[PDB]
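Peer 1: Submitted below is the structure of interest, expressed as structure tokens.
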Amino acid sequence: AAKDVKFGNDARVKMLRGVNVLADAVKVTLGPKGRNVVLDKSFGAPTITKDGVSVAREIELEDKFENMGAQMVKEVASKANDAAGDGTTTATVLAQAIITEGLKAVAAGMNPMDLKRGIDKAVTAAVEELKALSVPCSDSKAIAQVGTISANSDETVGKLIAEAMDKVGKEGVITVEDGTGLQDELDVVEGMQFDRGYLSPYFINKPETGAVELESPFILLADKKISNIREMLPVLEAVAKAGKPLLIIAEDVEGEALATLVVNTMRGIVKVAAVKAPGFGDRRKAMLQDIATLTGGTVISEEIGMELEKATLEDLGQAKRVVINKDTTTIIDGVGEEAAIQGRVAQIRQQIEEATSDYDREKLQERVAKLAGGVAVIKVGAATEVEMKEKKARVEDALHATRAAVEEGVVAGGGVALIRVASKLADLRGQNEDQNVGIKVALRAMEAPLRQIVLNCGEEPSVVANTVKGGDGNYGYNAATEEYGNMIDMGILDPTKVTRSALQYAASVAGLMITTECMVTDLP
Amino acid sequence: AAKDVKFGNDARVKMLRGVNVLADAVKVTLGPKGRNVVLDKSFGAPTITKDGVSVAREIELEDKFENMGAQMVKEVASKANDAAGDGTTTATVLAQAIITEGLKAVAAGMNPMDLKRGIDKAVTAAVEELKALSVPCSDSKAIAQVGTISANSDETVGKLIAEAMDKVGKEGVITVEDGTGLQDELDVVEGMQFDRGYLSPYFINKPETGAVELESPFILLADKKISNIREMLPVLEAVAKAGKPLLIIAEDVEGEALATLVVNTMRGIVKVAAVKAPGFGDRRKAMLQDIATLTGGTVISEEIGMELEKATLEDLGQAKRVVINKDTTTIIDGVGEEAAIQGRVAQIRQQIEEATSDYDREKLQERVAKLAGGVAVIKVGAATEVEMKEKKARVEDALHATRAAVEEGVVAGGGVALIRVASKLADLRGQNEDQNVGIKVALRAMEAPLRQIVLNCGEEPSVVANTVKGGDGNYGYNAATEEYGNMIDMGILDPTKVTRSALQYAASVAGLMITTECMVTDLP
Amino acid sequence: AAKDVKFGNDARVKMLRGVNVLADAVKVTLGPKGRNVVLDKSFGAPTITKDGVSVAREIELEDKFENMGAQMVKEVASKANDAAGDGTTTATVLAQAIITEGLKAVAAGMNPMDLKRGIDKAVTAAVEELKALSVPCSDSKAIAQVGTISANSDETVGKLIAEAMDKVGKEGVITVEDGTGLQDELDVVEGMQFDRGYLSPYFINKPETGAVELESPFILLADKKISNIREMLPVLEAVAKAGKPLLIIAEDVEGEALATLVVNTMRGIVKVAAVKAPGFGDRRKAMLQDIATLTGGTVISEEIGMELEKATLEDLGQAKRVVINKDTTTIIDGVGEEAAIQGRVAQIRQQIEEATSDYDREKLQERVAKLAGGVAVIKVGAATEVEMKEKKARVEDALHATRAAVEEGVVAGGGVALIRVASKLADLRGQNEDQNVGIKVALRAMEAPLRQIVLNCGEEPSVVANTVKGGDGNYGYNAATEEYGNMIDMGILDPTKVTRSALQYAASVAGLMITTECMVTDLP
Ligand SMILES: Nc1ncnc2c1ncn2[C@@H]1O[C@H](COP(=O)(O)OP(=O)(O)O)[C@@H](O)[C@H]1O
Ligand SMILES: Nc1ncnc2c1ncn2[C@@H]1O[C@H](COP(=O)(O)OP(=O)(O)O)[C@@H](O)[C@H]1O
Ligand SMILES: Nc1ncnc2c1ncn2[C@@H]1O[C@H](COP(=O)(O)OP(=O)(O)O)[C@@H](O)[C@H]1O
Ligand SMILES: [Mg+2]
Ligand SMILES: [Mg+2]
Ligand SMILES: [Mg+2]
């Protein structure tokens, strides 16, 4: 298509309207006095959210040039989120701020390429400063405070996160999903358990639960489909002699084999149960191996050239108890010595280290938890669906910020950390005067989040900023209680990694943007 | 697509118009002096209805913002309905109320997030208050009153519901369907019966009904298709010796087997009949098991490795009489001891407890009824189809409210319960003044349903509310007889669970709503 | 789609223009001075008709609201017709009347829900009153009078209907179809006959008719296709010995068998004929059973495990004569004793009682006639096609009204019955004044049909109604002769069931309609 090209101040002015429409939709939500935005949906009911990256992905503008502005700053908000899943509004606010100020200096006749260099120097400096202010967050109380503050001041989320973090340990997963009732609820599953039900409801020796239960059972791990019962006989009978029940975790148990197993368990011959293997594809075999290790058994796959028939009792895993539902098997307390348990865990330790992907990382951490600590699920309660969505998202949001606190620390919120690092770099200079403005451009933007937080309360940003600026260390403004104080004492903690990412990402794009001199796009 | 974004008072005004159009099409229908709305349909004739969620789901507006408003309140009405099938208009009315008043206070310059906290606090309070006013509704008289009142003052609906509730008992289903004539009619099927006709009209030993009848018959339950008669012989002959007739409920009876059975029953050899199994898929086998239990027989499926041939008389169920039509089998009085009956019922008791779905819940409750109490059908009469639709809906509607009465109790209608819980909270306060206004915003809306009820009679809401406000307990206004009195004595009872759900849902959304500060949506 | 919602008097006004455009197109046709409407057709030539439900179905309006109007009153005319195939214009006229009046009182500020209650009470009362004026119509003369009056005063239709009703008896069908010439013609087939021709034109022993004729023939009823002649031999030869001819009614006679039969009959071996079974699917077997009964033969189907070979002469049905054309077999006078005939008829008597369908009802009544009375056909004559359509329709129309007279009786026409029940309810009252207007609203509409009859004559409705109102019993106005008199004596009889369905249906929807307060529909 034919293009519309626009140059210099003209192009920039459109660019900024672009940034501004997005920035302004995203700002309304900053801080405890944040407000919500409503994003429409051709789908079904609209969505009410407080979450900056949600609002930001929706903004698309009709003027092709305004649009390019908005589609650019939009990535600060987006990246901020893939990085720590929080602080996306802050980020946006900082970029709108670096760009506003920067462009105004380009209009003063400064060389943008230097404005940029100064802005990045300013920033690299601020990042060190942050790492210096950061203090570790490692007690349950602090963790609760980052949760809480992330969840727009929902003390309950704070607590629940803090609680879960506590039970599943350091290497345990926590996930959030819709709840049944109105109140939030925390499930913690003990030890190892996966997503597989009995293959026939006949195995069920306890109908009141609708679930199967065996004690001191041997476990047969077969990495292959099971059709012929012939393959079993030498084994099933070695077990009938030891007088103990048996779990069968194979790739699958089909008609011919299953039917007969079902007939055999029924008549009170040998107590048995069978259930599909966890997952599919490649991880199945590796994850079935997990199960081997935990119960001290040997995987029987046709890959190492093995036959079910040639398997003595010894190959079988063992545990003290197992529990299986319509769609959930669980092994309690495996015989595997913690020598071998700890070892296999020290292997899947480095699986994550060289997991060059994001999805190849999730699963490994899951397995680590099923073998080491525990798995926790939070359920968010809500009266409505418009409510579930927003509430769920905040818990999700805070879940992330705590994980961030834990690895990177905390600094004073209400954008005090940033305002503080700005005074620490009051003396930073670059290779030339433009660069010095460039630096000053960033220091000034570093006041933005506190300034919006305040404006969203309907008081005066420059009065609050002045008195915060007049103090020291962690003195800051409590927007919620409208009083000044020590931000760490008041429990207003930002996870250091988020304050940091918001600065980096926002500067990284704002930086580029202010060096636009030409813009090319389609004809209306 | 390029978006239109709107901010603050601007966006809200539009949002309100949107709420308002919907809320006012819903209002017209509130209470005994309600009027109906006509909803068009590209389909066939329009639809006349009084039912608030029906009107609501139709409203869609041309201003994309006004629409957003409307599509949002629309969920209070919707949720209300998935929750108790009733009170949807009240709900709507309350939300229109909480919003109007709430936005007015945002324009006052209150912090909407607090307005929300006050509103919720006000509501959590009001729910407790209602659970306190609730009294159990458990006689047949009260039940009739809830029915009656739900069916816009139709005493006959009240009575039929009350009557059915009484015969099918507490674990019995009641369903409504179109009737043949002009008058309503209540069918109650006694004990166990399902949707299956004879497999050949030849079995029919009584042509005058066009139906089959056997006394003291054995029952053969086969969980498998039946093609070969060979499989039958050992059994059919053990039955010919005992001189009793035989029912065959299998997965199916096809050509070869059936034909011969048909030939055998014909010649006066052995009195037999055959009929498909109930349902399909997985429930068939479980439900066929029901039939086993009720008649004290043993299911014969190839899954436990069983053969028809190896079945003595003993495996066969038995009853005192069976009745089968073109499409309805029914077993009268099974031999199964109530020891085993009561037990299998205590199992399907907890099937519903862990039925994590809505459709996996319907079927279980059905079976419970076929095994415990009874099944009842109501037929709604009407001269026309425009009439049938509206009348059927109301019966359905009241059917729901009585089920709600029964599980959660009744409170005073005419929106007296709500007006009373508002004076109980005259002292509620929150953390800060905005929250106090927030609280007051809700208490105020709690007057809405009575004030519409009154307006819809064309008298003066604030006069009626003032004198109701001036009494005590259950004094209220009888809009139908235009006189004051005790609302429970006058049989104007609301089911507690609906009054409460109306409040909850409407507050739940209106609450979020009043905290919109930005709105994003498409270009016209 | 975005909707256009309309509220109170506004939405009503549009609703009523709606009812009006329809009501008016329908009115023009009412009574003997009725006129015709022309309804266009993308198809072929337009359609000239007098028939209210025909005009009505066409009306659809451009104003989405006016349209709703129209599409709703449209249902009175529609139901009216499914219910007694007549009175549909009167119906229409009463609804336009109940609406007009009703709405005018909602404008007075009555409570429409009560307007409605009184309009129904009024009506329930009127229906009793009609059942009380109704006198049975059971001589051939009165029957002619209902036909005649139904057929816009076509004495010839009256007569023909009366004539048929007389010959086919009470359980005989009468159908109307296009005729060959210009004059109407009544065919009456005697006894049993169906739609099947010889399977080979060679069977024909009388070429002058082009048809087959056998006397004292045995009848072979085979419920199965016939391919092998082997299956026949034992039988064909038992018949060759008795020296009588043979009819073969099987599911079909194909190549191999047929060919040989054809060769055998040809050479003067044994006199035989063959013809397909009546209908297909399930009724075939049941209907072939009919033929069995009538001729005292035994159906030979492989379903009861039977073979053609094992059939002696005894199994064969018998009659005194049979007559078969290119597409019509007919059996004259079967040997079956009326003990068994009457019985099988007493079974298909209750087939109709429990025929829960409309199509499962037509066939049964057919069979009843082929076994009990006779079948009659009327042929309508016309010069043109524009003419055949309208005439045929009227005969059809009157065919219905007579069937209705016969089951429910007659009342005085020209709208006199309704005007008389109206003075009988002069004292009816309801629970409150609004209901009293509502009563009075209906009693007034009850004058509508006489008022239109008169206006269609171009005289003055309120002079005619005054004088008619001034008389008694069956005094009324003969619109055709423009003189007053006793309407029963002048043969102006309306079948009671129609006068009552007109009232029922019109009030049933008019009733709802006047309780519209909102109307929702699409944007233009
Ligand atoms: N009581 C409070 N006073 C001042 N700031 C607060 C208070 N509570 C939370 N905050 C601050 O709110 C800021 C961000 O909240 P949020 O609106 O989610 O922005 P983001 O999406 O950028 O995380 C953090 O700086 C946190 O310090
Ligand atoms: N005689 C009456 N006087 C005052 N209120 C009544 C009377 N009869 C019924 N109501 C009130 O009607 C209200 C609801 O009727 P309805 O129009 O179905 O609204 P909803 O759809 O909100 O259930 C209930 O609060 C009930 O108390
Ligand atoms: N000579 C007559 N005088 C008055 N009314 C008549 C006369 N002939 C027929 N009618 C009346 O005509 C009315 C209906 O005829 P018709 O136009 O078909 O209306 P509908 O479709 O409503 O049957 C009946 O009420 C019948 O009594
Ligand atoms: Mg945040
Ligand atoms: Mg209701
Ligand atoms: Mg007529």
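Ligands are numbered from 1 in the order shown, chains are lettered A, B, ... in the order of the structure tokens, and residues start at 1 in each chain.
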Quick one: which residues from chain B are at most 9 Å off chain C, using only C-alpha atoms, as a count of residues only?

Peer 2: 48

Peer 1: Ligand 3: which residues are within 8 Å, counting only C-alpha atoms and all ligand atoms, as a PyMOL selection string?

Peer 2: chain C and resi 29-32+34+50-53+86-92+149-153+412-416+449-450+453-454+476-482+492-494+499+502

Peer 1: Running DSSP on the backbone, which parts of range 232-298 of chain B land in strand (DSSP E), as a ChimeraX atom specification?

Peer 2: /B:246-253,272-276

Peer 1: What is the distance between CA of residue 9 in chain C and CA of residue 107 in chain C, in Å to one decimal?

Peer 2: 7.7 Å

Peer 1: Can you pull out every residue within 12 Å of residue 472 in chain A, counting only C-alpha atoms, but drop anything in the same chain fewer than 6 positions away, and send it as an MDAnalysis selection string?

Peer 2: chainID A and resid 412 416:417 419:421 423:424 484:487

Peer 1: Could you turn the residues from that selection into a file that holds C-alpha atoms, as an mmCIF file, in the first residue's frame?

Peer 2:
```
data_model
loop_
_atom_site.group_PDB
_atom_site.id
_atom_site.type_symbol
_atom_site.label_atom_id
_atom_site.label_comp_id
_atom_site.auth_asym_id
_atom_site.auth_seq_id
_atom_site.Cartn_x
_atom_site.Cartn_y
_atom_site.Cartn_z
ATOM 1 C CA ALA A 412 9.918 1.334 49.693
ATOM 2 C CA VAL A 416 9.658 6.250 47.282
ATOM 3 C CA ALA A 417 12.534 3.941 46.295
ATOM 4 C CA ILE A 419 12.331 9.120 44.240
ATOM 5 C CA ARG A 420 15.229 8.230 46.528
ATOM 6 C CA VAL A 421 17.500 6.838 43.832
ATOM 7 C CA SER A 423 18.491 12.140 44.679
ATOM 8 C CA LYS A 424 21.347 9.742 44.844
ATOM 9 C CA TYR A 484 3.552 10.198 56.027
ATOM 10 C CA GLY A 485 5.807 7.640 57.707
ATOM 11 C CA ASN A 486 8.238 4.842 57.304
ATOM 12 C CA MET A 487 7.076 2.863 54.305
#
```

Peer 1: Which residue, B:334, B:147, B:491, B:197, has the smallest gap to ligand 5 when you use only C-alpha atoms and all ligand atoms?

Peer 2: B:147

Peer 1: Run DSSP on the backbone and grab whatever in range 391-427 of chain B lands in alpha helix (DSSP H); send it over as number ranges by chain.

Peer 2: B: 391-408, 416-424

Peer 1: Selected residues, N, CA and C atoms, written as a PDB file, in the first residue's frame, please.

Peer 2:
```
ATOM      1  N   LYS B 391     -47.563 -18.328  30.902  1.00  0.00           N
ATOM      2  CA  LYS B 391     -48.005 -19.217  32.000  1.00  0.00           C
ATOM      3  C   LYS B 391     -46.988 -20.326  32.400  1.00  0.00           C
ATOM      4  N   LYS B 392     -46.358 -20.975  31.434  1.00  0.00           N
ATOM      5  CA  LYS B 392     -45.464 -22.078  31.734  1.00  0.00           C
ATOM      6  C   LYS B 392     -44.315 -21.537  32.536  1.00  0.00           C
ATOM      7  N   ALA B 393     -43.748 -20.457  32.020  1.00  0.00           N
ATOM      8  CA  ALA B 393     -42.637 -19.738  32.649  1.00  0.00           C
ATOM      9  C   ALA B 393     -42.962 -19.400  34.096  1.00  0.00           C
ATOM     10  N   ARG B 394     -44.148 -18.861  34.371  1.00  0.00           N
ATOM     11  CA  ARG B 394     -44.449 -18.541  35.750  1.00  0.00           C
ATOM     12  C   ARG B 394     -44.439 -19.825  36.633  1.00  0.00           C
ATOM     13  N   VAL B 395     -45.191 -20.874  36.258  1.00  0.00           N
ATOM     14  CA  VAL B 395     -45.136 -22.135  37.010  1.00  0.00           C
ATOM     15  C   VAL B 395     -43.694 -22.590  37.245  1.00  0.00           C
ATOM     16  N   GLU B 396     -42.907 -22.673  36.193  1.00  0.00           N
ATOM     17  CA  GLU B 396     -41.476 -22.938  36.304  1.00  0.00           C
ATOM     18  C   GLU B 396     -40.768 -22.071  37.391  1.00  0.00           C
ATOM     19  N   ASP B 397     -40.943 -20.763  37.218  1.00  0.00           N
ATOM     20  CA  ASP B 397     -40.518 -19.716  38.102  1.00  0.00           C
ATOM     21  C   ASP B 397     -40.876 -19.995  39.577  1.00  0.00           C
ATOM     22  N   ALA B 398     -42.092 -20.473  39.846  1.00  0.00           N
ATOM     23  CA  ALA B 398     -42.521 -20.646  41.225  1.00  0.00           C
ATOM     24  C   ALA B 398     -42.050 -21.950  41.715  1.00  0.00           C
ATOM     25  N   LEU B 399     -42.065 -22.933  40.830  1.00  0.00           N
ATOM     26  CA  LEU B 399     -41.432 -24.187  41.144  1.00  0.00           C
ATOM     27  C   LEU B 399     -40.079 -23.889  41.791  1.00  0.00           C
ATOM     28  N   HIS B 400     -39.327 -22.936  41.225  1.00  0.00           N
ATOM     29  CA  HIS B 400     -37.985 -22.636  41.698  1.00  0.00           C
ATOM     30  C   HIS B 400     -38.022 -22.007  43.044  1.00  0.00           C
ATOM     31  N   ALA B 401     -38.865 -20.979  43.199  1.00  0.00           N
ATOM     32  CA  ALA B 401     -38.915 -20.223  44.448  1.00  0.00           C
ATOM     33  C   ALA B 401     -39.315 -21.131  45.643  1.00  0.00           C
ATOM     34  N   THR B 402     -40.316 -21.988  45.463  1.00  0.00           N
ATOM     35  CA  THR B 402     -40.588 -22.942  46.523  1.00  0.00           C
ATOM     36  C   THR B 402     -39.325 -23.819  46.862  1.00  0.00           C
ATOM     37  N   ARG B 403     -38.624 -24.418  45.884  1.00  0.00           N
ATOM     38  CA  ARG B 403     -37.379 -25.134  46.208  1.00  0.00           C
ATOM     39  C   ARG B 403     -36.408 -24.264  47.003  1.00  0.00           C
ATOM     40  N   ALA B 404     -36.489 -22.942  46.844  1.00  0.00           N
ATOM     41  CA  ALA B 404     -35.601 -22.015  47.532  1.00  0.00           C
ATOM     42  C   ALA B 404     -36.102 -21.740  48.940  1.00  0.00           C
ATOM     43  N   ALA B 405     -37.425 -21.560  49.045  1.00  0.00           N
ATOM     44  CA  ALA B 405     -38.072 -21.391  50.322  1.00  0.00           C
ATOM     45  C   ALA B 405     -37.617 -22.479  51.235  1.00  0.00           C
ATOM     46  N   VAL B 406     -37.620 -23.682  50.688  1.00  0.00           N
ATOM     47  CA  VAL B 406     -37.534 -24.868  51.450  1.00  0.00           C
ATOM     48  C   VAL B 406     -36.155 -25.017  51.961  1.00  0.00           C
ATOM     49  N   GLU B 407     -35.176 -24.554  51.195  1.00  0.00           N
ATOM     50  CA  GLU B 407     -33.795 -24.689  51.682  1.00  0.00           C
ATOM     51  C   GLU B 407     -33.311 -23.457  52.424  1.00  0.00           C
ATOM     52  N   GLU B 408     -33.997 -22.332  52.338  1.00  0.00           N
ATOM     53  CA  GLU B 408     -33.460 -21.168  52.977  1.00  0.00           C
ATOM     54  C   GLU B 408     -34.423 -20.259  53.702  1.00  0.00           C
ATOM     55  N   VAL B 416     -40.465  -5.518  52.259  1.00  0.00           N
ATOM     56  CA  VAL B 416     -40.393  -5.145  53.642  1.00  0.00           C
ATOM     57  C   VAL B 416     -39.117  -5.719  54.300  1.00  0.00           C
ATOM     58  N   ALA B 417     -38.738  -6.996  54.071  1.00  0.00           N
ATOM     59  CA  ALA B 417     -37.514  -7.520  54.713  1.00  0.00           C
ATOM     60  C   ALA B 417     -36.372  -6.587  54.461  1.00  0.00           C
ATOM     61  N   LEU B 418     -36.117  -6.286  53.192  1.00  0.00           N
ATOM     62  CA  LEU B 418     -35.037  -5.335  52.889  1.00  0.00           C
ATOM     63  C   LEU B 418     -35.175  -3.961  53.598  1.00  0.00           C
ATOM     64  N   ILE B 419     -36.351  -3.360  53.627  1.00  0.00           N
ATOM     65  CA  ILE B 419     -36.512  -2.097  54.304  1.00  0.00           C
ATOM     66  C   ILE B 419     -36.248  -2.172  55.849  1.00  0.00           C
ATOM     67  N   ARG B 420     -36.610  -3.307  56.415  1.00  0.00           N
ATOM     68  CA  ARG B 420     -36.307  -3.598  57.793  1.00  0.00           C
ATOM     69  C   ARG B 420     -34.792  -3.790  57.955  1.00  0.00           C
ATOM     70  N   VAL B 421     -34.103  -4.594  57.128  1.00  0.00           N
ATOM     71  CA  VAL B 421     -32.683  -4.733  57.400  1.00  0.00           C
ATOM     72  C   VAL B 421     -31.928  -3.447  57.211  1.00  0.00           C
ATOM     73  N   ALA B 422     -32.458  -2.563  56.415  1.00  0.00           N
ATOM     74  CA  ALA B 422     -31.884  -1.243  56.386  1.00  0.00           C
ATOM     75  C   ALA B 422     -31.963  -0.507  57.688  1.00  0.00           C
ATOM     76  N   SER B 423     -33.058  -0.629  58.451  1.00  0.00           N
ATOM     77  CA  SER B 423     -33.039   0.093  59.765  1.00  0.00           C
ATOM     78  C   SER B 423     -32.259  -0.576  60.858  1.00  0.00           C
ATOM     79  N   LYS B 424     -32.072  -1.874  60.704  1.00  0.00           N
ATOM     80  CA  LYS B 424     -31.155  -2.545  61.575  1.00  0.00           C
ATOM     81  C   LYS B 424     -29.725  -2.081  61.403  1.00  0.00           C
TER      82      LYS B 424
END
```

Peer 1: If we count only C-alpha atoms, what is near residue 367 in chain C at a cut-off of 12 Å, once residues fewer than 6 positions away on the same chain are taken out, given as a ChimeraX atom specification?

Peer 2: /C:171-173,191-194,278-279,283-284,286-291,294,344-345,347-349,351-352,360-361,373-375

Peer 1: Keeping only N, CA and C atoms, write the selected residues as an mmCIF file, in the first residue's frame.

Peer 2:
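Wrote it out as selection_2.cif, contents follow:
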```
data_model
loop_
_atom_site.group_PDB
_atom_site.id
_atom_site.type_symbol
_atom_site.label_atom_id
_atom_site.label_comp_id
_atom_site.auth_asym_id
_atom_site.auth_seq_id
_atom_site.Cartn_x
_atom_site.Cartn_y
_atom_site.Cartn_z
ATOM 1 N N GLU C 171 -68.407 -42.480 11.040
ATOM 2 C CA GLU C 171 -66.993 -42.811 11.137
ATOM 3 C C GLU C 171 -66.280 -42.853 9.779
ATOM 4 N N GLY C 172 -66.868 -42.150 8.801
ATOM 5 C CA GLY C 172 -66.360 -42.098 7.439
ATOM 6 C C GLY C 172 -65.650 -40.795 7.174
ATOM 7 N N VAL C 173 -64.591 -40.856 6.370
ATOM 8 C CA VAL C 173 -63.876 -39.659 5.972
ATOM 9 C C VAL C 173 -64.501 -39.027 4.751
ATOM 10 N N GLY C 191 -67.311 -49.497 1.101
ATOM 11 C CA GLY C 191 -66.500 -50.439 1.852
ATOM 12 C C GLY C 191 -64.997 -50.217 1.713
ATOM 13 N N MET C 192 -64.222 -51.303 1.550
ATOM 14 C CA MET C 192 -62.753 -51.244 1.611
ATOM 15 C C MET C 192 -62.039 -51.216 0.264
ATOM 16 N N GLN C 193 -61.094 -50.277 0.133
ATOM 17 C CA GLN C 193 -60.287 -50.058 -1.077
ATOM 18 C C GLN C 193 -59.055 -49.168 -0.820
ATOM 19 N N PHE C 194 -57.926 -49.521 -1.445
ATOM 20 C CA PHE C 194 -56.652 -48.806 -1.260
ATOM 21 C C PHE C 194 -55.891 -48.488 -2.574
ATOM 22 N N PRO C 278 -50.707 -51.892 1.197
ATOM 23 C CA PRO C 278 -51.047 -50.482 1.428
ATOM 24 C C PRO C 278 -50.040 -49.776 2.355
ATOM 25 N N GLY C 279 -49.642 -48.548 1.992
ATOM 26 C CA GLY C 279 -48.652 -47.767 2.728
ATOM 27 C C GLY C 279 -47.264 -48.391 2.811
ATOM 28 N N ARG C 283 -47.305 -49.060 9.631
ATOM 29 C CA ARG C 283 -48.744 -49.155 9.389
ATOM 30 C C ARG C 283 -49.104 -50.254 8.377
ATOM 31 N N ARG C 284 -48.213 -50.516 7.413
ATOM 32 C CA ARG C 284 -48.414 -51.594 6.430
ATOM 33 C C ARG C 284 -48.913 -52.851 7.115
ATOM 34 N N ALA C 286 -49.832 -53.402 10.264
ATOM 35 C CA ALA C 286 -51.091 -53.198 10.963
ATOM 36 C C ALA C 286 -52.282 -53.126 9.986
ATOM 37 N N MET C 287 -52.103 -52.426 8.859
ATOM 38 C CA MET C 287 -53.169 -52.247 7.850
ATOM 39 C C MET C 287 -53.426 -53.502 7.009
ATOM 40 N N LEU C 288 -52.371 -54.255 6.731
ATOM 41 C CA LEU C 288 -52.544 -55.568 6.131
ATOM 42 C C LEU C 288 -53.336 -56.486 7.060
ATOM 43 N N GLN C 289 -53.164 -56.267 8.361
ATOM 44 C CA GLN C 289 -53.915 -56.981 9.384
ATOM 45 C C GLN C 289 -55.394 -56.674 9.246
ATOM 46 N N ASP C 290 -55.705 -55.408 8.965
ATOM 47 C CA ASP C 290 -57.081 -54.969 8.679
ATOM 48 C C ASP C 290 -57.708 -55.877 7.612
ATOM 49 N N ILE C 291 -56.994 -55.995 6.495
ATOM 50 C CA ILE C 291 -57.428 -56.793 5.355
ATOM 51 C C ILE C 291 -57.658 -58.258 5.781
ATOM 52 N N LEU C 294 -61.035 -58.356 7.737
ATOM 53 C CA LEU C 294 -62.198 -58.125 6.870
ATOM 54 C C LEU C 294 -62.577 -59.362 6.050
ATOM 55 N N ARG C 344 -62.147 -55.612 15.985
ATOM 56 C CA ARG C 344 -60.959 -54.929 15.470
ATOM 57 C C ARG C 344 -61.217 -53.417 15.315
ATOM 58 N N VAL C 345 -62.478 -53.067 15.059
ATOM 59 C CA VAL C 345 -62.920 -51.675 14.970
ATOM 60 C C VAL C 345 -62.956 -51.037 16.361
ATOM 61 N N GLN C 347 -60.964 -51.725 18.662
ATOM 62 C CA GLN C 347 -59.553 -51.543 19.030
ATOM 63 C C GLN C 347 -58.973 -50.253 18.445
ATOM 64 N N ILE C 348 -59.163 -50.067 17.138
ATOM 65 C CA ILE C 348 -58.729 -48.854 16.442
ATOM 66 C C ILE C 348 -59.593 -47.629 16.838
ATOM 67 N N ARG C 349 -60.650 -47.910 17.607
ATOM 68 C CA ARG C 349 -61.455 -46.908 18.318
ATOM 69 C C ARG C 349 -60.620 -46.134 19.357
ATOM 70 N N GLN C 351 -57.223 -46.357 19.523
ATOM 71 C CA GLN C 351 -55.963 -45.956 18.890
ATOM 72 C C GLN C 351 -55.919 -44.448 18.758
ATOM 73 N N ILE C 352 -57.082 -43.887 18.402
ATOM 74 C CA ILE C 352 -57.314 -42.445 18.242
ATOM 75 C C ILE C 352 -57.376 -41.725 19.600
ATOM 76 N N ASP C 360 -50.642 -39.083 13.365
ATOM 77 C CA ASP C 360 -50.934 -40.450 13.862
ATOM 78 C C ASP C 360 -52.451 -40.684 14.093
ATOM 79 N N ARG C 361 -53.256 -39.649 13.808
ATOM 80 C CA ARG C 361 -54.709 -39.577 14.044
ATOM 81 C C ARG C 361 -55.476 -39.708 12.722
ATOM 82 N N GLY C 373 -67.585 -47.665 7.951
ATOM 83 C CA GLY C 373 -68.444 -46.993 7.000
ATOM 84 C C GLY C 373 -67.886 -46.969 5.592
ATOM 85 N N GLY C 374 -67.999 -45.811 4.964
ATOM 86 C CA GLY C 374 -67.453 -45.614 3.629
ATOM 87 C C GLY C 374 -66.531 -44.407 3.540
ATOM 88 N N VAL C 375 -65.857 -44.273 2.400
ATOM 89 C CA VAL C 375 -65.000 -43.121 2.133
ATOM 90 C C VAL C 375 -65.641 -42.278 1.052
#
```

Peer 1: Please provide the set of residues having any atom within 9 Å of residue 500 in chain C, restricted to only C-alpha atoms, with same-chain residues fewer than 6 positions apart removed, written as a PyMOL selection string.

Peer 2: chain C and resi 126-127+130-131

Peer 1: Ranking B:364, B:455, B:524, B:372 by minimum distance to ligand 2 and counting only C-alpha atoms and all ligand atoms, which one comes first?

Peer 2: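 The shortest atom-to-atom distance to ligand 2 comes from B:455.
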